[PDB]
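Below is one structure; the comments refer to it alone.
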Amino acid sequence: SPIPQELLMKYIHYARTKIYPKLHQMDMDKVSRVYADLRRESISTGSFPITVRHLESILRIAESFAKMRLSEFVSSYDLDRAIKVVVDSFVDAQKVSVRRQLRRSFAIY
DNA sequence: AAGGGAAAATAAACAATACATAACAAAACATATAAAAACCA
Numbered sequence: 756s757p758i759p760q761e762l763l764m765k766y767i768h769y770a771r772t773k774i775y776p777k778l779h780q781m782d783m784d785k786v787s788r789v790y791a792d793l794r795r796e797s798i799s800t801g802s803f804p805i806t807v808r809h810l811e812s813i814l815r816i817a818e819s820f821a822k823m824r825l826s827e828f829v830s831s832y833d834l835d836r837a838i839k840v841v842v843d844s845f846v847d848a849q850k851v852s853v854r855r856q857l858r859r860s861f862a863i864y
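According to the entry's author numbering, the first sequence is numbered sequentially starting from 756.
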C-alpha cells in the first residue's frame, strides 16, 4: 500500500533539484478574499491575530504541495490543503474558547 | 443554542462584638431585744 522508502528518498532529491513551480494571476485573488474573512474573525472572537506571514506560509505550503505533486504550477486546490494546515495549527494553538472558530472555519473546510 | 459575565459562593486573615459566668450589691423578707410609750389600776 504505501510508497517505499528508497523511491521516496530518491524522489525528494529529484524534485528538490530540478523544478521551481510558480503561480499565475488568473484566479489566485480569491485567497486574498478568504484571508480577508479569516483575519477579521480572529479579532472579534480570538485574541491572537493573523498577519501577512501566514499568507506567505500558505503560499509556501501550496507550492511545496505542488512540488510534491511535480506540476508546472500550483493548482487551485493546493491552497485548500494549505488553509487546512494553517487552521489546524493556529486554531489548535489557542484556548477551548475559540471553539466557535472550529465551526467558523467549517464553511471553507 | 452559545456564551459573556455578573451574581453567588468559598476561603482566609483580622477586627469587633456578644456571651457565660464570677463577684457582688442591694432590696425584700425575717427575727430579736432594750428602750420608749401607752395604759390600766
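Just so it is clear, CB atoms sit at the ideal spot from N, CA and C, and this is done for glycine as well.
Residue state for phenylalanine 861 is assigned as coil, using DSSP reduced to three classes.
By the criterion of at least three beta-carbon pairs nearer than 8 Å, the stretch 811–824 is in contact with the stretch 770–790. Classified as buried, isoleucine 838 has 16 or more neighbouring CB atoms from the shown chains inside 10 Å of its CB. Burial is judged here by how many other beta carbons sit within 10 angstroms of a residue's own beta carbon; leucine 793 has at least 16 and is buried. Between the stretch 810–817 and the stretch 831–848 there are three or more inter-stretch CB-CB distances shorter than 8 Å, so the stretches are counted as touching. Straight through space, the alpha carbons of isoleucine 758 and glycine 801 are spaced by roughly 40 Å. In the DSSP secondary-structure assignment, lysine 777 is bridged to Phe828. If the five residues before and after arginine 854 are omitted, its C-beta is found closer than 6 Å to no C-beta atom of its own chain.
Rounded to the nearest angstrom, the gap between the Cα atoms of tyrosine 864 and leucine 762 is 32 Å. Residue burial is scored here from C-beta neighbours: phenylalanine 803 has fewer than 16 other C-beta atoms within 10 angstroms and is therefore classed as exposed.
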